[PDB]
Amino acid sequence: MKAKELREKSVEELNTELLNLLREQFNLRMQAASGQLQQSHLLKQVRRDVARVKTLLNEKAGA
Amino acid sequence: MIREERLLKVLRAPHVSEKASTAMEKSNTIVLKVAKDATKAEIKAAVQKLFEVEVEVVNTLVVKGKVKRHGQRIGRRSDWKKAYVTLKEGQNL
Amino acid sequence: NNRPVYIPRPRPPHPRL
Amino acid sequence: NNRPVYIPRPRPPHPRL
Amino acid sequence: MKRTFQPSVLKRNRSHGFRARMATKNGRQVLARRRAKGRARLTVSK
RNA sequence: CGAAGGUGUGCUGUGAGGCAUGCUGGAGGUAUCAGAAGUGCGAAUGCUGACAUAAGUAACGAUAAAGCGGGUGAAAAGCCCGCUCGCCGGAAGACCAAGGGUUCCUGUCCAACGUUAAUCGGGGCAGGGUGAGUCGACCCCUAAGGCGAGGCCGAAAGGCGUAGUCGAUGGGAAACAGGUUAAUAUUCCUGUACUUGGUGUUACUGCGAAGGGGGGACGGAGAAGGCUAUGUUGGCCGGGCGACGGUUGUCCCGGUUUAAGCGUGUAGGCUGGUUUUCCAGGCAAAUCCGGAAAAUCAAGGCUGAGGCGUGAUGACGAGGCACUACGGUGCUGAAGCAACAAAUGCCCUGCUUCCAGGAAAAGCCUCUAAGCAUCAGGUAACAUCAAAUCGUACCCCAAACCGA
RNA sequence: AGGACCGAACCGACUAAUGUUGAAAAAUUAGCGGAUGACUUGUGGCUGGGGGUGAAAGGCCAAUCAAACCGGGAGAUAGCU
RNA sequence: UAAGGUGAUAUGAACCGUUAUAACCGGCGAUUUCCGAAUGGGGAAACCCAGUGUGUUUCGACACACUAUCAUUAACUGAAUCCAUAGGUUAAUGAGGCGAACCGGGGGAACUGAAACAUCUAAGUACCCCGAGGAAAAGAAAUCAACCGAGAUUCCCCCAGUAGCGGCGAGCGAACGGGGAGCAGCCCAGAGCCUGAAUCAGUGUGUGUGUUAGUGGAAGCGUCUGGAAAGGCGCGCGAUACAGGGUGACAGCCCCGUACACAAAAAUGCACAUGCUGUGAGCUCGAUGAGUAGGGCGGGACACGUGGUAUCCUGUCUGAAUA
């Protein structure tokens, strides 16, 4: 899942990055710590999505 | 502006223990895991933004990791910091 | 939560657990 | 199973001169 | 009586610390020999 | 349908050896002739691992000392609780500094350690525990000393050293009483305060230093006065009159604590002040220091423990009452005064003498040049903001630091 | 005032005893000398090997000193066992 | 390449994909905390404290880049004296350190041998410092030879334990010449004619070729022992593939492999053609390296130790000619 955001603009990409860092990351880690989390792949996939979005931002903005 | 994402990242997990429960029920304060640096101002801002509550003051401390042995291999636990954030009279969590 | 730590096979003079 | 590193110097011999 | 070794972290660091070794080339050569021998503890440090 | 190794046997050769096989083993070995040895062990006070010897012997690690009862447990002298006996008590008590890095508390086990057992531990596994604007580190300055831009010198390396920068063993701003957990507290909670700077308002004003002046800022020895921490007695509060004689009495038992900050500033110590005029001195100037003359009063000014009121009709408080996972928790809570003695601790970096002549800079008050003075900046009052980061467990004259 | 006197902490080890495969690779008990000065101690540095320091004994220089320790010449050489 | 995977100790739970964006490898990029030449200052290393300029939710406070040293060049300022210099400020390129050995140079021993030991040897070895490289140095005779002749340097074997040096003791030890590896000659010290004129250095295109991922790749069964057969016996096939590893005992035909044939979107090492920039062909003349050669004084290397002692260098004093 990369092409659906490869063509997005900087502002919307940053908004998506902020949304991903706020939701599904802080709540996910809190749930995992509290033990209410049942599936652990959520953290891995959200972290990989964050890394992918950061890479796209680095590639687009600047260079 | 990376202040928002820094505030998101500074907080790692909450802390649960008998002392934590006693402080929560008595002093209306919550103890939770924080980043290794986790400066007081950043912790206060992150708590304010995420928990949408009012905090009186934050005092932190660094916990030294214990030395444990798996098999015969010595293995020091990773160090971590905990912050005792004191909430206002109005508490949510 | 990760309860299982998978303690390895110990030496012959190992704690009885 | 290390060999004894330190060995004390021998007791001085009795005067046999 | 008092033995030869009386520990003192500050004195140890200022006498045999990494900065003390690097101040002069001889200590730098000692560090190079340590690296070549591949010792995990390059020098005295906390 | 059993190679090598191991293990006994019968033959065989003057011999180093050779042949076959009983059993283990489990998958490699190798006829004859040639080629090279890291080619043959019984010693070298030989090297590595193991096992005997002494020998089930010394010893079981200051002659401060254990007993009984109950409890858990399979097992109790050493593990938990109660009553007795003993030791330190200028320590064998409590804090720390340096030094260790979780040994601190709980649950859980006796695999290994404790010079014995152990249910126990500073032992094995799991969990919890270290909260700072007022503690210290951090940070400003600096002594001894280190580094050292340029610079000097030296075959190279490198040695010395200026400006500068480090370097606490020192100098700089601020918090105290009570309570709390199984483990944190001068950090958390209750009460009362304080210190340094940013921001904005109000009224004034000239501001401004790597520069100048004072301060910081100091040795030895010795005695007195005020005191305080501290301890003794008396009165007061609550309880007791008591198993071997008497004990309502001038008798016995426990308490009679209250900080920092705020105002007065005392005992004591230091010094003569107010004003005017002038000076190539303070590597430039100076209202600041120093010096030179005047009129005036004779006191002023600085430092200064302690005590006193507030802090505080607040906390604490002997003891009693009600429930106890029977370890313990909740409520209540009277008096909280006088005198004496007194320190090595404060006045005291004090005072008097002595030669052995007794650190430096920074913060701090003040002065102005450069520049600006409708600004900027400073002063006095108010409101708010921030004071970050690091250690806070535990041992710290010892079972935890240096001695294996 | 005393490089004063007696005597605690502190410093050192003059005598005796025990301990020599000891509690300790110089220790413990009682005596013993100084204990206001040439005293001692905590902390931080300076003096580095034919050199340092030395109230000077050939003493100390990390339990080793008439020339420390570490690595190299180096498997120095040994007419010796 | 791909239908199995989220690395191992060391299983699990939760998942992705299964015809392609599951997983893995490769080429090119991005991120790359702190200490570490650390490079803003300091410092006991993974730590503390700053200034400048760029933009921002409560002034609060934040994110980014720079601020080390030296060398060279350039610009602006700038004293003791006018000029001027030294110095000061700013801009640009390079180095600073690490790394096993090889090279050259500046230093540089001792033990031991001579049956002792000082000349000597050990030895220009042990070891320190400096500089660059993939090799470095050297290198085209002010050389030899002998009056016959060879034409750069380096390395291998003879000459050769020869001649020689040597308390003529121990020991050290050549050269000429011969056979081989490989051979490239030039540039400055200067004028005129002709002036891209060959050979090089710096960048693109094309062709060739190798790497960084890889693909295909032949051929055996039945019977007996036997835990298991690749082993006993029978009959077969491949081989430009029985070189190797694993498979319940020794497998050519069980799998990975090997012989053999191919693959490259992208970056690459090397051989040529084709492009662009810089130094730069050939002809006539002259010039042809002065504080040098040499000598005196004391030494070092040449096998050669001062001996009858040539040659080169060196600390000091002198010192010509130039064809």
# chains A, B, ... in the order shown; residues from 1 in each chain; ligands from 1

call {"tool": "calpha_fit_rmsd", "arguments": {"fixed": "chain D", "moving": "chain C"}}
result
6.5 Å

call {"tool": "interface_residues", "arguments": {"of": "chain F", "to": "chain C", "cutoff": "7 Å", "atoms": "only C-alpha atoms (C1' of nucleotides)", "output": "PDB file with C-alpha atoms (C1' of nucleotides), in the first residue's frame"}}
result
ATOM      1  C1'   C F 109      12.482 -23.236  46.345  1.00  0.00           C
ATOM      2  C1'   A F 111      19.144 -27.561  42.391  1.00  0.00           C
ATOM      3  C1'   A F 112      24.672 -24.898  44.026  1.00  0.00           C
ATOM      4  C1'   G F 124      18.041 -19.437  42.703  1.00  0.00           C
TER       5        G F 124
END

call {"tool": "select_by_dssp", "arguments": {"residues": "chain B", "states": "helix (DSSP H, G or I)", "output": "PyMOL selection string"}}
result
chain B and resi 3-10+18-27+40-51

call {"tool": "select_by_dssp", "arguments": {"residues": "range 7-90 of chain B", "states": "strand (DSSP E or B)", "output": "PyMOL selection string"}}
result
chain B and resi 11-14+29-34+55-63+67-70+73-76+80-87

call {"tool": "interface_residues", "arguments": {"of": "chain A", "to": "chain C", "cutoff": "10 Å", "atoms": "only C-alpha atoms", "output": "PyMOL selection string"}}
result
chain A and resi 32-38

call {"tool": "write_last_selection", "arguments": {"atoms": "N, CA, C and O atoms", "output": "PDB file, in the first residue's frame"}}
result
ATOM      1  N   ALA A  32      -1.465  -2.144  24.255  1.00  0.00           N
ATOM      2  CA  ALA A  32      -0.499  -3.229  24.379  1.00  0.00           C
ATOM      3  C   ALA A  32       0.095  -3.275  25.780  1.00  0.00           C
ATOM      4  O   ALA A  32       0.245  -4.355  26.367  1.00  0.00           O
ATOM      5  N   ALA A  33       0.438  -2.112  26.336  1.00  0.00           N
ATOM      6  CA  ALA A  33       0.983  -2.074  27.689  1.00  0.00           C
ATOM      7  C   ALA A  33      -0.043  -2.545  28.711  1.00  0.00           C
ATOM      8  O   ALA A  33       0.290  -3.302  29.632  1.00  0.00           O
ATOM      9  N   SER A  34      -1.297  -2.107  28.570  1.00  0.00           N
ATOM     10  CA  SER A  34      -2.337  -2.517  29.506  1.00  0.00           C
ATOM     11  C   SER A  34      -2.722  -3.981  29.340  1.00  0.00           C
ATOM     12  O   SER A  34      -3.353  -4.549  30.237  1.00  0.00           O
ATOM     13  N   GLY A  35      -2.358  -4.601  28.219  1.00  0.00           N
ATOM     14  CA  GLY A  35      -2.675  -5.990  27.971  1.00  0.00           C
ATOM     15  C   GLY A  35      -3.996  -6.229  27.273  1.00  0.00           C
ATOM     16  O   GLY A  35      -4.316  -7.387  26.970  1.00  0.00           O
ATOM     17  N   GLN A  36      -4.774  -5.177  27.008  1.00  0.00           N
ATOM     18  CA  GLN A  36      -6.043  -5.341  26.310  1.00  0.00           C
ATOM     19  C   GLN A  36      -5.855  -5.675  24.836  1.00  0.00           C
ATOM     20  O   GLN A  36      -6.800  -6.152  24.198  1.00  0.00           O
ATOM     21  N   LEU A  37      -4.666  -5.440  24.286  1.00  0.00           N
ATOM     22  CA  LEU A  37      -4.411  -5.745  22.884  1.00  0.00           C
ATOM     23  C   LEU A  37      -4.335  -7.252  22.677  1.00  0.00           C
ATOM     24  O   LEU A  37      -3.671  -7.960  23.439  1.00  0.00           O
ATOM     25  N   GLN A  38      -5.018  -7.741  21.642  1.00  0.00           N
ATOM     26  CA  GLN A  38      -5.019  -9.159  21.308  1.00  0.00           C
ATOM     27  C   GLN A  38      -4.205  -9.491  20.070  1.00  0.00           C
ATOM     28  O   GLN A  38      -3.679 -10.602  19.975  1.00  0.00           O
TER      29      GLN A  38
END

call {"tool": "residues_around", "arguments": {"residues": "range 47-53 of chain G", "least_positions_apart": "6", "cutoff": "8 Å", "atoms": "only C-alpha atoms (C1' of nucleotides)", "output": "list in words"}}
result
residues 61, 67 and 68 of chain G

call {"tool": "residues_around", "arguments": {"residues": "residue 74 in chain G", "least_positions_apart": "6", "cutoff": "12 Å", "atoms": "only C-alpha atoms (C1' of nucleotides)", "output": "MDAnalysis selection string"}}
result
chainID H and resid 110:112 126

call {"tool": "interface_residues", "arguments": {"of": "chain A", "to": "chain H", "cutoff": "8 Å", "atoms": "only C-alpha atoms (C1' of nucleotides)", "output": "PyMOL selection string"}}
result
chain A and resi 1-2+38-41+55+58-59

call {"tool": "write_last_selection", "arguments": {"atoms": "N, CA, C and O atoms", "output": "short mmCIF file (atom, residue, chain, number, x, y, z; two decimals), in the first residue's frame"}}
result
data_model
loop_
_atom_site.label_atom_id
_atom_site.label_comp_id
_atom_site.auth_asym_id
_atom_site.auth_seq_id
_atom_site.Cartn_x
_atom_site.Cartn_y
_atom_site.Cartn_z
N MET A 1 0.86 -1.22 0.00
CA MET A 1 0.00 0.00 0.00
C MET A 1 0.87 1.25 0.00
O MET A 1 1.09 1.87 1.04
N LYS A 2 1.39 1.60 -1.18
CA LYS A 2 2.26 2.76 -1.31
C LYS A 2 1.77 3.71 -2.40
O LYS A 2 1.87 4.93 -2.26
N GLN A 38 -5.02 -7.74 21.64
CA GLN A 38 -5.02 -9.16 21.31
C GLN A 38 -4.20 -9.49 20.07
O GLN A 38 -3.68 -10.60 19.98
N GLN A 39 -4.09 -8.57 19.12
CA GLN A 39 -3.29 -8.75 17.92
C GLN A 39 -2.11 -7.79 17.95
O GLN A 39 -2.29 -6.58 18.13
N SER A 40 -0.90 -8.33 17.77
CA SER A 40 0.32 -7.54 17.84
C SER A 40 0.76 -6.99 16.49
O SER A 40 1.61 -6.09 16.46
N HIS A 41 0.22 -7.50 15.39
CA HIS A 41 0.64 -7.02 14.07
C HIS A 41 0.22 -5.58 13.83
O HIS A 41 0.75 -4.94 12.91
N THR A 55 9.52 8.27 4.57
CA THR A 55 10.36 8.13 3.39
C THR A 55 9.77 8.90 2.21
O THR A 55 10.50 9.57 1.47
N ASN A 58 10.40 12.59 2.77
CA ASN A 58 11.79 12.93 2.51
C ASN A 58 12.07 12.97 1.01
O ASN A 58 12.76 13.88 0.52
N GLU A 59 11.54 12.00 0.26
CA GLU A 59 11.77 11.97 -1.18
C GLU A 59 11.12 13.16 -1.87
O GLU A 59 11.72 13.76 -2.78
#

call {"tool": "residues_around", "arguments": {"residues": "residue 42 in chain E", "least_positions_apart": "5", "cutoff": "12 Å", "atoms": "only C-alpha atoms (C1' of nucleotides)", "output": "MDAnalysis selection string"}}
result
(chainID E and resid 16:18 21 27:28 30:37) or (chainID H and resid 36 45)

call {"tool": "interface_residues", "arguments": {"of": "chain F", "to": "chain E", "cutoff": "12 Å", "atoms": "only C-alpha atoms (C1' of nucleotides)", "output": "PDB file with C-alpha atoms (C1' of nucleotides), in the first residue's frame"}}
result
ATOM      1  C1'   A F  98      34.770   8.020  48.991  1.00  0.00           C
ATOM      2  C1'   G F  99      33.777   3.059  47.213  1.00  0.00           C
ATOM      3  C1'   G F 100      30.313  -0.845  45.286  1.00  0.00           C
ATOM      4  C1'   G F 101      25.564  -1.222  41.539  1.00  0.00           C
ATOM      5  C1'   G F 146      47.062  20.348  33.457  1.00  0.00           C
ATOM      6  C1'   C F 147      46.011  21.917  28.081  1.00  0.00           C
ATOM      7  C1'   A F 157      58.382  12.658  18.125  1.00  0.00           C
ATOM      8  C1'   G F 158      58.231  16.568  20.976  1.00  0.00           C
ATOM      9  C1'   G F 167      40.989  22.225  37.437  1.00  0.00           C
ATOM     10  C1'   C F 401      34.400  -0.598  50.217  1.00  0.00           C
ATOM     11  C1'   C F 402      40.384  -2.300  49.910  1.00  0.00           C
ATOM     12  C1'   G F 403      42.491  -7.186  51.921  1.00  0.00           C
TER      13        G F 403
END

call {"tool": "residues_around", "arguments": {"residues": "range 10-14 of chain A", "least_positions_apart": "5", "cutoff": "12 Å", "atoms": "only C-alpha atoms (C1' of nucleotides)", "output": "ChimeraX atom specification"}}
result
/A:2,4-5,19-21,49-50,52-62 /B:1-2,5

call {"tool": "write_last_selection", "arguments": {"atoms": "N, CA and C atoms", "output": "PDB file, in the first residue's frame"}}
result
ATOM      1  N   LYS A   2       1.391   1.602  -1.177  1.00  0.00           N
ATOM      2  CA  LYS A   2       2.263   2.763  -1.311  1.00  0.00           C
ATOM      3  C   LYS A   2       1.774   3.709  -2.402  1.00  0.00           C
ATOM      4  N   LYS A   4      -1.189   4.489  -3.345  1.00  0.00           N
ATOM      5  CA  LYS A   4      -2.356   5.301  -3.022  1.00  0.00           C
ATOM      6  C   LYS A   4      -1.978   6.614  -2.348  1.00  0.00           C
ATOM      7  N   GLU A   5      -0.767   6.714  -1.794  1.00  0.00           N
ATOM      8  CA  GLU A   5      -0.283   7.952  -1.205  1.00  0.00           C
ATOM      9  C   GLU A   5       0.945   8.516  -1.904  1.00  0.00           C
ATOM     10  N   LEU A  19      -2.185  12.007  11.600  1.00  0.00           N
ATOM     11  CA  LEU A  19      -3.278  11.128  12.006  1.00  0.00           C
ATOM     12  C   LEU A  19      -2.751   9.759  12.415  1.00  0.00           C
ATOM     13  N   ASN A  20      -1.808   9.210  11.644  1.00  0.00           N
ATOM     14  CA  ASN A  20      -1.273   7.892  11.962  1.00  0.00           C
ATOM     15  C   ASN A  20      -0.474   7.918  13.259  1.00  0.00           C
ATOM     16  N   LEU A  21       0.257   9.007  13.510  1.00  0.00           N
ATOM     17  CA  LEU A  21       1.029   9.105  14.743  1.00  0.00           C
ATOM     18  C   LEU A  21       0.133   9.323  15.955  1.00  0.00           C
ATOM     19  N   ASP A  49       4.010   1.728   8.256  1.00  0.00           N
ATOM     20  CA  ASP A  49       3.329   2.799   7.534  1.00  0.00           C
ATOM     21  C   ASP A  49       3.936   4.156   7.868  1.00  0.00           C
ATOM     22  N   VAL A  50       4.270   4.382   9.140  1.00  0.00           N
ATOM     23  CA  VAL A  50       4.913   5.633   9.531  1.00  0.00           C
ATOM     24  C   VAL A  50       6.247   5.785   8.812  1.00  0.00           C
ATOM     25  N   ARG A  52       7.153   4.409   5.984  1.00  0.00           N
ATOM     26  CA  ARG A  52       6.900   4.624   4.564  1.00  0.00           C
ATOM     27  C   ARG A  52       6.493   6.067   4.289  1.00  0.00           C
ATOM     28  N   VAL A  53       5.623   6.626   5.132  1.00  0.00           N
ATOM     29  CA  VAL A  53       5.194   8.009   4.948  1.00  0.00           C
ATOM     30  C   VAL A  53       6.367   8.961   5.138  1.00  0.00           C
ATOM     31  N   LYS A  54       7.219   8.697   6.131  1.00  0.00           N
ATOM     32  CA  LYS A  54       8.395   9.537   6.332  1.00  0.00           C
ATOM     33  C   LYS A  54       9.329   9.467   5.131  1.00  0.00           C
ATOM     34  N   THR A  55       9.520   8.268   4.574  1.00  0.00           N
ATOM     35  CA  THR A  55      10.359   8.133   3.387  1.00  0.00           C
ATOM     36  C   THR A  55       9.773   8.901   2.210  1.00  0.00           C
ATOM     37  N   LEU A  56       8.454   8.812   2.019  1.00  0.00           N
ATOM     38  CA  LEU A  56       7.819   9.556   0.934  1.00  0.00           C
ATOM     39  C   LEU A  56       7.982  11.058   1.131  1.00  0.00           C
ATOM     40  N   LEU A  57       7.809  11.535   2.366  1.00  0.00           N
ATOM     41  CA  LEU A  57       7.986  12.958   2.639  1.00  0.00           C
ATOM     42  C   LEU A  57       9.417  13.394   2.356  1.00  0.00           C
ATOM     43  N   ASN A  58      10.396  12.588   2.771  1.00  0.00           N
ATOM     44  CA  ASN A  58      11.789  12.929   2.506  1.00  0.00           C
ATOM     45  C   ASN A  58      12.068  12.972   1.009  1.00  0.00           C
ATOM     46  N   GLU A  59      11.541  11.999   0.261  1.00  0.00           N
ATOM     47  CA  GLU A  59      11.770  11.970  -1.179  1.00  0.00           C
ATOM     48  C   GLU A  59      11.123  13.164  -1.872  1.00  0.00           C
ATOM     49  N   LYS A  60       9.910  13.533  -1.460  1.00  0.00           N
ATOM     50  CA  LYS A  60       9.189  14.607  -2.136  1.00  0.00           C
ATOM     51  C   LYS A  60       9.718  15.976  -1.722  1.00  0.00           C
ATOM     52  N   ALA A  61       9.581  16.320  -0.444  1.00  0.00           N
ATOM     53  CA  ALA A  61      10.047  17.614   0.033  1.00  0.00           C
ATOM     54  C   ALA A  61      11.568  17.684  -0.021  1.00  0.00           C
ATOM     55  N   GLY A  62      12.080  18.820  -0.487  1.00  0.00           N
ATOM     56  CA  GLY A  62      13.513  19.008  -0.598  1.00  0.00           C
ATOM     57  C   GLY A  62      14.062  18.504  -1.916  1.00  0.00           C
TER      58      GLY A  62
ATOM     59  N   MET B   1       6.702  21.772  11.972  1.00  0.00           N
ATOM     60  CA  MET B   1       6.488  21.688  13.445  1.00  0.00           C
ATOM     61  C   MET B   1       6.394  20.231  13.886  1.00  0.00           C
ATOM     62  N   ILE B   2       7.409  19.769  14.613  1.00  0.00           N
ATOM     63  CA  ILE B   2       7.467  18.400  15.109  1.00  0.00           C
ATOM     64  C   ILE B   2       7.187  18.331  16.605  1.00  0.00           C
ATOM     65  N   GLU B   5       4.382  15.613  17.256  1.00  0.00           N
ATOM     66  CA  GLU B   5       4.851  14.234  17.169  1.00  0.00           C
ATOM     67  C   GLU B   5       5.843  13.915  18.282  1.00  0.00           C
TER      68      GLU B   5
END

call {"tool": "closest_atom_pairs", "arguments": {"of": "chain B", "to": "chain H", "cutoff": "12 Å", "atoms": "only C-alpha atoms (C1' of nucleotides)", "output": "CSV"}}
result
residue,atom,partner,partner_atom,distance
B:1,CA,H:63,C1',6.8
B:2,CA,H:63,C1',7.3
B:3,CA,H:62,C1',7.4
B:4,CA,H:57,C1',9.8
B:6,CA,H:62,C1',11.1
B:36,CA,H:33,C1',11.7
B:37,CA,H:33,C1',11.7
B:41,CA,H:61,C1',9.4
B:42,CA,H:61,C1',10.4
B:45,CA,H:57,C1',11.4
B:49,CA,H:57,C1',11.3
B:70,CA,H:9,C1',10.7
B:71,CA,H:9,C1',10.4
B:73,CA,H:9,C1',11.5

call {"tool": "closest_atom_pairs", "arguments": {"of": "chain A", "to": "chain B", "cutoff": "10 Å", "atoms": "only C-alpha atoms", "output": "tab-separated table"}}
result
residue	atom	partner	partner_atom	distance
A:17	CA	B:5	CA	9.4
A:18	CA	B:5	CA	7.3
A:21	CA	B:5	CA	6.8
A:22	CA	B:8	CA	6.7
A:23	CA	B:8	CA	9.9
A:25	CA	B:8	CA	8.7
A:26	CA	B:8	CA	6.7
A:27	CA	B:13	CA	9.6
A:28	CA	B:13	CA	10.0
A:29	CA	B:13	CA	6.6
A:30	CA	B:13	CA	5.4
A:31	CA	B:13	CA	8.7
A:32	CA	B:13	CA	8.4
A:33	CA	B:13	CA	5.8
A:34	CA	B:14	CA	7.4

call {"tool": "closest_atom_pairs", "arguments": {"of": "chain B", "to": "chain F", "cutoff": "10 Å", "atoms": "only C-alpha atoms (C1' of nucleotides)", "output": "tab-separated table"}}
result
residue	atom	partner	partner_atom	distance
B:17	CA	F:128	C1'	7.2
B:18	CA	F:128	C1'	8.0
B:19	CA	F:181	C1'	7.6
B:22	CA	F:181	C1'	9.1
B:23	CA	F:188	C1'	9.3
B:26	CA	F:189	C1'	9.2
B:27	CA	F:189	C1'	7.6
B:37	CA	F:389	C1'	9.1
B:39	CA	F:388	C1'	8.1
B:40	CA	F:388	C1'	8.3
B:41	CA	F:388	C1'	8.9
B:58	CA	F:131	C1'	8.8
B:59	CA	F:131	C1'	5.5
B:60	CA	F:131	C1'	6.0
B:61	CA	F:131	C1'	6.3
B:62	CA	F:130	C1'	8.0
B:63	CA	F:130	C1'	7.3
B:64	CA	F:102	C1'	8.2
B:65	CA	F:102	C1'	8.6
B:66	CA	F:102	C1'	6.5
B:67	CA	F:102	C1'	8.2
B:68	CA	F:125	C1'	10.0
B:82	CA	F:131	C1'	9.2
B:83	CA	F:131	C1'	7.9
B:84	CA	F:131	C1'	6.9
B:85	CA	F:131	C1'	9.9

call {"tool": "residues_around", "arguments": {"residues": "range 321-327 of chain F", "least_positions_apart": "6", "cutoff": "12 Å", "atoms": "only C-alpha atoms (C1' of nucleotides)", "output": "ChimeraX atom specification"}}
result
/F:80-81,182,333

call {"tool": "write_last_selection", "arguments": {"atoms": "N, CA, C and O atoms (P, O5', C5', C4', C3', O3' and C1' of nucleotides)", "output": "PDB file, in the first residue's frame"}}
result
ATOM      1  P     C F  80      13.929 -15.573  62.094  1.00  0.00           P
ATOM      2  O5'   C F  80      12.338 -15.643  62.167  1.00  0.00           O
ATOM      3  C5'   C F  80      11.530 -14.836  61.321  1.00  0.00           C
ATOM      4  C4'   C F  80      10.084 -14.856  61.751  1.00  0.00           C
ATOM      5  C3'   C F  80       9.803 -14.379  63.169  1.00  0.00           C
ATOM      6  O3'   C F  80       9.722 -12.968  63.278  1.00  0.00           O
ATOM      7  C1'   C F  80       8.710 -16.436  62.816  1.00  0.00           C
ATOM      8  P     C F  81      10.047 -12.244  64.676  1.00  0.00           P
ATOM      9  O5'   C F  81       8.863 -12.704  65.639  1.00  0.00           O
ATOM     10  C5'   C F  81       7.599 -12.055  65.606  1.00  0.00           C
ATOM     11  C4'   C F  81       6.706 -12.521  66.730  1.00  0.00           C
ATOM     12  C3'   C F  81       7.231 -12.289  68.140  1.00  0.00           C
ATOM     13  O3'   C F  81       7.001 -10.972  68.610  1.00  0.00           O
ATOM     14  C1'   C F  81       6.453 -14.511  67.950  1.00  0.00           C
ATOM     15  P     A F 182       3.370  -1.204  54.912  1.00  0.00           P
ATOM     16  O5'   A F 182       4.948  -1.024  55.033  1.00  0.00           O
ATOM     17  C5'   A F 182       5.744  -1.933  55.778  1.00  0.00           C
ATOM     18  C4'   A F 182       6.738  -2.640  54.891  1.00  0.00           C
ATOM     19  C3'   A F 182       7.331  -1.806  53.764  1.00  0.00           C
ATOM     20  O3'   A F 182       8.440  -1.034  54.192  1.00  0.00           O
ATOM     21  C1'   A F 182       6.638  -3.926  52.933  1.00  0.00           C
ATOM     22  P     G F 333     -10.372  15.508  71.096  1.00  0.00           P
ATOM     23  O5'   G F 333      -9.166  15.506  72.138  1.00  0.00           O
ATOM     24  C5'   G F 333      -9.396  15.268  73.518  1.00  0.00           C
ATOM     25  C4'   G F 333      -8.258  14.498  74.139  1.00  0.00           C
ATOM     26  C3'   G F 333      -6.902  15.188  74.120  1.00  0.00           C
ATOM     27  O3'   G F 333      -6.744  16.121  75.175  1.00  0.00           O
ATOM     28  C1'   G F 333      -6.662  12.975  73.343  1.00  0.00           C
TER      29        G F 333
END
